[PDB]
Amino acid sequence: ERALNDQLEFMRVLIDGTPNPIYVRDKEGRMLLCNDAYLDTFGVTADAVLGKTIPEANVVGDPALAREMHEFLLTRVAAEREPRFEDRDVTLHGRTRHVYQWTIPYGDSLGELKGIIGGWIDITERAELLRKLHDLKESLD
């Protein structure tokens, strides 16, 4: 019984208590996990994401949520077995952010790939902090 609560406490931290967006997507593209940093970037809840996909091709009607998420995620490569890293600008809610994107594939042993762990870091958010602090101390000089 104690083993379950420790996992629950671990999930509480992983989902409600990690600052950078992180997600887990299976082989077929279904989203298994995403923390609040992921969800709050788009202002949605887990019920709108878990078990659902971010298709590579454009969906009829140009649905906004899938469109916005596609920009932050990385394309689905032909079963890649090595980490990936990219950085780009993404525009959302009238604000353009420089983001550092990453994905790590995983398997159930036996060499069998089952999904990818991924996420991104908002670089602009860090630069804004440094810029605001530098402008502050400078204004005091």
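The numbering used is simple: start at 1 and walk along the sequence shown.
Taking the mean C-alpha B-factor of each stretch as recorded, 15-23 and 129-137 are not equal, and the higher mean is that of 129-137. A summary of the deposited B-factors shows that, of 75-83 and 58-66, the stretch with the larger mean C-alpha value is 75-83.
Out of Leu113, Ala37, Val44, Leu33, it is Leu113 whose C-alpha atom has the highest B-factor in the PDB entry. When the CA B factors of the chain's modelled residues are split into thirds, the value for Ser109 lands in the highest one.
In this PDB entry, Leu50 carries a Cα temperature factor that places it within the middle third of its chain's modelled residues.
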